[PDB]
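Remarks on the structure that follows.
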Amino acid sequence: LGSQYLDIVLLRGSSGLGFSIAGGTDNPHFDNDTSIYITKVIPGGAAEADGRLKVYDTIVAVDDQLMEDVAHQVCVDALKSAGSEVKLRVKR
Amino acid sequence: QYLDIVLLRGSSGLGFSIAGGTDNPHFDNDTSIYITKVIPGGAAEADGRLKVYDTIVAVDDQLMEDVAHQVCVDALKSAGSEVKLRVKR
């Protein structure tokens, strides 16, 4: 009771994870804001089938790596190299 | 929307690198070609219009929608001392 953070273990699908992102220190999605945001929960994808992730969730951590004040590539690299299960910490 | 960026190739080349393509898709299955790095002090940075993670839509009037990575590299390398880049973001 009283936590803005969610831990979501997304199971990789045949077609990948099925969501898009934007943000980072080198790619701010908002003014003075370097957070990584989920921009699309793609139909047919695993994030949709799971049903827990929502658009404009802030990606706080991918597995064991925090995504706060990082370059956009840092989070892309962590998502592309994910295993069969990826642990996403999200803030709302 | 699209922006047409004409760049003069410098000592160090165009001053950026790319990733993506039909044979190197993004983790969300996007096959677009996009700018991965802008080299500080390079041609693209000094021009000031290109930004990292810009999607390359065309190179010297050749569309880069749904193309293999080396197609776009080949186009960038063969465009000569002046390159017309169409980008979207």
Segment B:59-74 residues that are free of Cβ contacts under 8 Å to residues at least 40 places away in the same chain, paired with ones that are surrounded by 12 or more Cβ atoms within 10 Å (Cβ to Cβ) and assigned to a helix (DSSP H, G or I) (beta carbon under 8 Å, 6 or more apart): B:59/B:72; B:59/B:75; B:59/B:76; B:60/B:75; B:62/B:75; B:64/B:71; B:64/B:72; B:64/B:75
Residues of segment B:1-40 classified as touching a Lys or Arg at 6+ places or on another chain (Cβ under 7 Å) and assigned to a loop (DSSP other than H, G, I, E, B), total: 3
All positions within segment B:41-56 that are out of contact with any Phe, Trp or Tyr (no Cβ under 6 Å at 6 or more places or on another chain) and not in a loop (DSSP other than H, G, I, E, B): B:43, B:45, B:46, B:47, B:56
Pick from segment A:56-92, criterion within 14 Å of chain B (Cβ to nearest Cβ) and acidic (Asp, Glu), ranking: farthest from residue A:15 (Cα to Cα): A:63
Counted residues, segment B:72-82 - those being surrounded by 17 or more Cβ atoms within 10 Å (Cβ to Cβ) and either out of contact with any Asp or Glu (no Cβ under 8 Å at 6 or more places or on another chain) or of a type in the set (D, E, K, R) (or both): 2
Residue in segment A:11-38 that is farthest from the other protein chains (Cβ to nearest Cβ), counting only those that are under 13 Å from residue A:84 (Cα atoms), touching a strand residue (DSSP E or B) at 6+ places or on another chain (Cβ under 8 Å) and not basic (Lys, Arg): A:11
Identity of the residue in segment B:39-55, closer than 27 Å to residue A:40 by Cβ and of a type outside the set (A, V, I, L, M, F, W, C), that ends up farthest from the other protein chains (Cβ to nearest Cβ): B:49
Tabulated pairs, segment B:3-20, first closer than 12 Å to residue B:54 by Cβ, second of a type in the set (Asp, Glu) and surrounded by 21 or more Cβ atoms within 10 Å (Cβ to Cβ), C-beta under 9 angstrom, 6+ apart or interchain: B:3/B:54; B:5/B:54; B:16/B:54
Within segment A:1-13, considering residues that are hydrophobic (A, V, I, L, M, F, W, C) and farther than 14 Å from residue A:57 by Cβ, the one surrounded by the fewest Cβ atoms within 10 Å (Cβ to Cβ): A:1
Filtered residues of segment A:14-51 (kept if among the aromatic types (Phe, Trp, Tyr) and either surrounded by 14 or more Cβ atoms within 10 Å (Cβ to Cβ) or in contact with an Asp or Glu (Cβ under 9 Å, 6 or more places away or on another chain) (or both)): A:19, A:37
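Every number in this text was worked out from the coordinates using simple rules, so none of it is lab data. Because the Cβ atoms are built from the backbone with ideal geometry, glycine has one as well, and the counts that use them run over all protein chains shown.
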